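Chains as they are written, first to last, in the numbering used here: chain F, 89 to 139; chain R, -10 to 38.
The C-beta atom is built at its ideal place from N, Cα and C for all residues, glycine as well.
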């Protein structure tokens, strides 16, 4: 054999994730998508109590 | 070898897996309950006064 012209090794291939950050759907992330409706219902109920 | 390497558990290595749960309603349920109790108590106090 001649001298090695191209050296190389063992590497790692992954799925390469992108910046998949959506818009409005990322806003209502941290609590729930259903606690807010009960919050609005208790809001209008307490307003009914006040009136 | 025959306990850790042969075993199927990778315990005490990983740690946190970011805990991707938003928020349960169990942190909110008793708070709703004391809200309803305060509203009903205020209703009864207003009616008796």
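Item checked: Contact list for residue 24 (chain R) against chain F, beta-carbon separation under 9 Å -> Residues of chain F passing the Cβ test: 130 and 134.
Note to self: Mapping the DSSP letters down to three states, classify residue 0 (chain R) as helix, strand or coil.
What the structure shows: Residue 0 (chain R): coil per DSSP, three-state reduction.
Next item on the list: Identify, in the order they occur along the chain, each residue of the same chain with its Cβ nearer than 7 Å to the Cβ of residue 34 (chain R), setting aside the five sequence neighbours on each side.
Entry: Counting only residues of its own chain and dropping the five nearest sequence neighbours on each side, residue 34 (chain R) has no CB closer than 7 Å to any other CB.
Next item on the list: Could you please give the first and the last residue of the uninterrupted alpha helix (DSSP H) stretch that includes residue 129 (chain F)?
Entry: Annotation: the continuous alpha helix (DSSP H) that includes residue 129 (chain F) extends over 123 to 138.
Notebook entry, point to check: Can you list the residues of chain F that residue 17 (chain R) reaches, using a CB-CB cut of under 7 Å?
Noted result: The contact set of residue 17 (chain R) on chain F, defined by CB atoms closer than 7 Å, consists of 123 in chain order.
Check: Under a CB-based cut-off of 8 Å, is residue 118 (chain F) close to chain R?
Finding: Yes, because at least one Cβ of chain R sits closer than 8 Å to the Cβ of residue 118 (chain F).
Margin query: Taking a contact to mean a Cβ-Cβ separation below 8 Å, would you say residue 11 (chain R) touches residue 118 (chain F) in this structure?
Written below: In this structure, residue 118 (chain F) lies closer than 8 Å to residue 11 (chain R) by Cβ.
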